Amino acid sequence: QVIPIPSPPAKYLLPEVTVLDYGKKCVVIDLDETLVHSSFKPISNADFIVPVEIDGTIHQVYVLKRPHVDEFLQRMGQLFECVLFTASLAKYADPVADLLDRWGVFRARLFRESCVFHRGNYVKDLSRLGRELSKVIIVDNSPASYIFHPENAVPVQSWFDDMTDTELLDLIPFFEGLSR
């Protein structure tokens, strides 16, 4: 009581759903190989460059945007409570999301701290979100991420650099139809 006790830990990944989000499915979206592909190998046509300090030293990260990601994120931001959920380091993923999400589309961003190590893999345990599970969808290229919840996952192919990819555009009418 004398001096303030540090903040007591939340029991759920997300806060309670806000007003503008009542009645909306929660869509958990992955970052790496889902929305973008990053390397440390320099390329001339990167979409973003992000400097990341690890162990006191600066790495330049080169980020390519999967085709149609802007249009996809824009429409998802209109229809759902969107949550970025990655097993990537927040020091990397956060500044990337700042450049990618220019429109307040993501209600929340969850990184490595929100993933659990299970038998070689980093799992996104959807029962921890604080949301109705029949009202959660996961958009993620790595089935190992959703090992506990494969019924909530629409299959998403890993994306590296193929500019003919249209999976995010094809996701739009799928998600519109289940917005109903």
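All residue numbers are counted from 1 along the displayed sequence.
On average the C-alpha atoms of 4-12 have higher B-factors than those of the other stretch, with 4-12 and 169-177 being the two compared.
Comparing the deposited coordinates for 136-144 and 22-30, the stretch with the larger average C-alpha B-factor is 22-30. Across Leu64, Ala153, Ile43, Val50, the entry's maximum B-factor at the CA atom is seen for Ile43.
If you compare the C-alpha temperature factors of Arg112, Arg128, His37, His149 in the entry, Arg128 comes out highest. Sort the chain's modelled residues by C-alpha temperature factor and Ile58 lands in the highest third, per the entry.
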